[PDB]
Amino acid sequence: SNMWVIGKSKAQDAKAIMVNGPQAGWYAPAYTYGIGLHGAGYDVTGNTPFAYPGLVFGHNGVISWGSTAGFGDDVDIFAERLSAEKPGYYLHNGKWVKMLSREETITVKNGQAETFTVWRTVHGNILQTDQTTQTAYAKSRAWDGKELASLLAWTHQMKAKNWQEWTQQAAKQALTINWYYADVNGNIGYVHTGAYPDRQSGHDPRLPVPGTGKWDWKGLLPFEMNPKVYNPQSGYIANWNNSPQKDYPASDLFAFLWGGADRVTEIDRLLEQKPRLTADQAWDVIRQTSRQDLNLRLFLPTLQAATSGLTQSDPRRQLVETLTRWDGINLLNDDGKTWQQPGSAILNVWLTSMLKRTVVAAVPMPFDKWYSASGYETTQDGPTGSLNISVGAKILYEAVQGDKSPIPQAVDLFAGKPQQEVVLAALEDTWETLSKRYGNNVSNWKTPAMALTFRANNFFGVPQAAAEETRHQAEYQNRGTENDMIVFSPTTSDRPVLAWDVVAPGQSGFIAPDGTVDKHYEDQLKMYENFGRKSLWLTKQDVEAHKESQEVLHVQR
């Protein structure tokens, strides 16, 4: 999920612009829910996932807010010591402590019910995997016991009227989430919120720790430690699940890294390119980032250095020249099936070959697999989520950077071979593979584009609609499942703020018994496809003037 907040110093025809694109995949009915609340201290408009009480994407006419997953390390695993003689117990601080346990029964449609036990320790629920007679792992979340507080903080934050009131709420949100702020005066802010553990000296947060007691967390770090910035000198705040702050450590996931190669640069670039941006320009960044190949910029210089001394007639040479002329912005051909340029296919084949030759070659099986993905892998239905630079690619990037990289190359991923040679060998595989499939005339190569699918099953893989309700979109776009933009103090409007969003397929997922689909079942699907957007109203007058229907309930609690 991405987000960019443009402040007073970089906003054109406005004081602040917030553009947010949460990415959780695409679903039907829509991932988020459009809602406006007015009363009980609230006055907001926006949309929110699964219709949470609190709006994750919205504004209250004074400030606006958004999020992107933080991917900080707020989870550690404790290796508990068990005893075959003491089932149900574990050793903690010199005493055999009784675990928590509960009986669960899975009722099964047209099947036999199934009962089992779930076990928990002072560190958290016991994992099913990796169990022995003497060991069990408990997953410890720094946010454990703060689920509701986070739900409430996400709600109360909607009432904030300034940085201080808002951060007060951000301090109560315990999940690892990036919160962003913007207001009518052109102030902008960012907080990498969440509960983070105060670990014992010597604790490597990337590896498990003994659950016997000596490695228990001291407690939780204070809000002071949470990365945050208010009105940065840069004049903008951009994030795409990249690092919040210098020296801030990332999630322990082996497949997740914050290194030199990061997709957020694609956004920084567009924001620095222009001294000031208008709302339309800020919104356009969605379109551009959604079509931007994320690997071209990373490896092109390497591809260039390796092929700089080859003759025109060398096919490897022309592949790179093809990439050199490309902006990396994929566009669909008239067939709505293929891409105008073959760059992503070239990069994909090459990158795959480079990883296999380098990173994959240096890692022992079966861990080698973790570094083989090029990041272009997909099915016929298209990506189930955002596209990113693969972990293998990021590691490879550090390697091709040579001394410019601050990561010691403990082992040479090129195993003593000149990098140029390995890069050339991969280019050769690329030309062989592609030329044999598309012919020897690159100029008429029509490579497959990725498509996008609004899936009928929710991110859990659970049906939330009939299969037939699945929707398709020719062009895959690396963008938010939804996109919303808030513009404060727009100069061309009579309102102190303007906002827009797009909730595809539509506000409603309702289908009557006779199959009659609701009027708002699919009226935002084409809008999503063409990077369109519709207005979010806030004031009583705006809502009234754009009223479609009304209803008044009278009920006593």
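In case it trips you up, residue 1 is the first one in the sequence shown, and so on.
K.L.:
Look up the CA B-factors in the entry and say which stretch, 92-100 or 205-213, has the higher mean.
P.N.:
Between 92-100 and 205-213, it is 92-100 that shows the higher mean C-alpha B-factor.
K.L.:
May I ask you to compare 120-128 and 281-289 by their mean CA B factor in the entry and name the higher one?
P.N.:
120-128 has the higher mean C-alpha B-factor.
K.L.:
Which one, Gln273, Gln173, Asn483, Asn242, has the peak C-alpha temperature factor per the PDB entry?
P.N.:
In the PDB entry, the greatest C-alpha B-factor among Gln273, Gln173, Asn483, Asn242 is found at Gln273.
K.L.:
Take the CA temperature factors straight from the PDB entry and tell me which of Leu300, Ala238, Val442, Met354 peaks.
P.N.:
Spelled out: the listed residue with the top C-alpha B-factor is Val442.
K.L.:
Report the third (lowest, middle or highest) to which the CA temperature factor of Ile188 belongs, ranking only the modelled residues of the same chain.
P.N.:
CA B-factor rank for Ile188: lowest third.
K.L.:
By its CA B factor, does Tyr230 count among the lowest, middle or highest third of the modelled residues in the chain?
P.N.:
As the PDB entry reports it, the C-alpha B-factor of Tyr230 lands in the middle third of its chain.
K.L.:
What third of the chain does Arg479 rank in for C-alpha temperature factor, lowest, middle or highest?
P.N.:
Its C-alpha B-factor, which the entry lists for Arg479, ranks in the lowest third among residues of this chain.
K.L.:
Divide the modelled residues of the chain into thirds by Cα B-factor and specify which third, lowest, middle or highest, holds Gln556.
P.N.:
It belongs to the highest third of the chain when residues are ordered by C-alpha B-factor.
K.L.:
Quick check on the deposited entry: does the C-alpha B-factor of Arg81 sit in the lowest, middle or highest third of its chain?
P.N.:
Highest third, going by the recorded CA B-factors of the chain.
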